[PDB]
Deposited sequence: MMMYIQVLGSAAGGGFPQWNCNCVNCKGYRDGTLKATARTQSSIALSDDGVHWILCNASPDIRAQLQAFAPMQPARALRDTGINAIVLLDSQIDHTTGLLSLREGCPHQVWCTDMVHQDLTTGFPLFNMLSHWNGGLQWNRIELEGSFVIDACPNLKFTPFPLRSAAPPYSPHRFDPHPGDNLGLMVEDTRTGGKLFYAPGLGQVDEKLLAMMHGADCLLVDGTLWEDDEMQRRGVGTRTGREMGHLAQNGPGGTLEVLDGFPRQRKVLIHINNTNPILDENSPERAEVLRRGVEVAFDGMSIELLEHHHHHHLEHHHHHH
C-alpha cells in the first residue's frame, strides 16, 4: 500500500491569494462562488501510514500538518510524523516551509546538486538552519537511477528531469541546468504500484508518455485552464509558456490525458485564477467528463 496525502493542492499564492480579487478569489470571499480554499501544493507519502515523506515544504506547512493527524503521532513530548523531505526544485513556494520546522532538526532532505546550490547561496536555508541542532542533512538526488529513503523502505523513487525554470533569485536564473526541476515516479516495491507525480509540467515528450503509461496514478500540473489565463483574469501578463502546460487546447494536458483511460488522473497545483476551482463551472464539468479529478486539501489516495 502507498498512501498519498494531499496537504496542499493550489499553485503559488494559494486560493484565495492574499492580494488577489480575481473572479475566483473575490467570489470565494463574497460567498457567491462554490469553491474550497486551498493551501500551496505539497504531498506526503507513506508505505505504512506511520512514517511520512514530505514532497515540498510549502509556506502553509503549519496549517497543513495541523490538518493531518498522522503528522503528530505524539510518541514523545517533541515528535513529528515527517521522516524525510524531498524537494523537486528551489522555488520559494516549495522550500520556505523548512524554516517553520527548524525546532525539529535534524531533517533528512533529499534534493539535487543544483537545488542544493540555490539553497546554500541565493536562498541559504541549509546555512541558516545549520544553526538549529545540526540543520538539514543533505541527501543528493542523482539525475539518473533511483533512491530509497530508509523510513519508507518499500517506496522506490525514480526522478525524471523536467525543463529549466530556476527561480528569480537564483544566481543561475538565466542559465538553466538539468537538476533545476524534477518530476517523480514512485513505486511501491511490494505491489508494483506506481505514482507519476509532476506538479510542474511544461512539456510532454516521447519519454514522458512512456513513463506515464507505466504508472497507475497520474498526479499532474493543473495550474491554468488556458495559456493566457492571467491576462484574461486581469491579474498579470505572464503566460503558461512559467513552464506550465495549460489544460485546454492543442497539446494541452487534457488532450494528453486522453491517451490514458486506465490510469487514475488527478490535477494538482491549481492556480487561484483556474475556472476548475469553481465547482459549477463548465471547465470543472469537462474535467469530470474526461474522468479527471481536481485535487483538494485533505484528499487521500490509495495506490494498489
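- Missing C-alpha coordinates mark the following deposited-sequence intervals, in order: 1, 243, 307-321.
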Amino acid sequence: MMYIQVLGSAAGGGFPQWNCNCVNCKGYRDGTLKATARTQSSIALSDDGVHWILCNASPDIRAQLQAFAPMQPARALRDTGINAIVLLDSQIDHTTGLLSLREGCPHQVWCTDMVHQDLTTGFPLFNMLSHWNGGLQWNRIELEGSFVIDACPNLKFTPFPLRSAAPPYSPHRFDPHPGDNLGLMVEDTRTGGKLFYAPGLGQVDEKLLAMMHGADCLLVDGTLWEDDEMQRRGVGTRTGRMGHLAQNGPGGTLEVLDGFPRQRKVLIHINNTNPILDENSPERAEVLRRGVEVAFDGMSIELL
From here on, numbers count along this sequence of modelled residues.
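What we label the rigid core is the largest C-alpha set whose atoms superpose within 1.5 Å from one form to the other.
- Annotation: of the segments 164-172 and 183-191, 164-172 departs further from this form in 5 other deposited structures of this protein (C-alpha atoms, root mean square over structures and residues, core superposition).
- Comparing the deposited coordinates for 70-78 and 108-116, the stretch with the larger average C-alpha B-factor is 70-78.
- For the two regions 80-88 and 169-177, the entry's Cα B-factors average higher over 169-177.
- Ranking 275, 49, 31, 59 by the C-alpha B-factor listed in the PDB entry places 31 at the top.
- Within the selection 192, 202, 97, 159, the deposited Cα B-factor values reach their highest point at 202.
- Among the modelled residues of its chain, residue 10 has a C-alpha B-factor that falls in the lowest third, as given in the PDB entry.
- Looking at the C-alpha B-factors along this chain, the one for residue 241 belongs to the highest third.
- Annotation for residue 253: CA B-factor lies in the highest third of the chain's modelled residues.
- Annotation for residue 262: C-alpha temperature factor in the highest third relative to the rest of the modelled chain, per the entry.
- When the modelled residues of the chain are ordered by their C-alpha B factor, residue 187 lands in the middle third.
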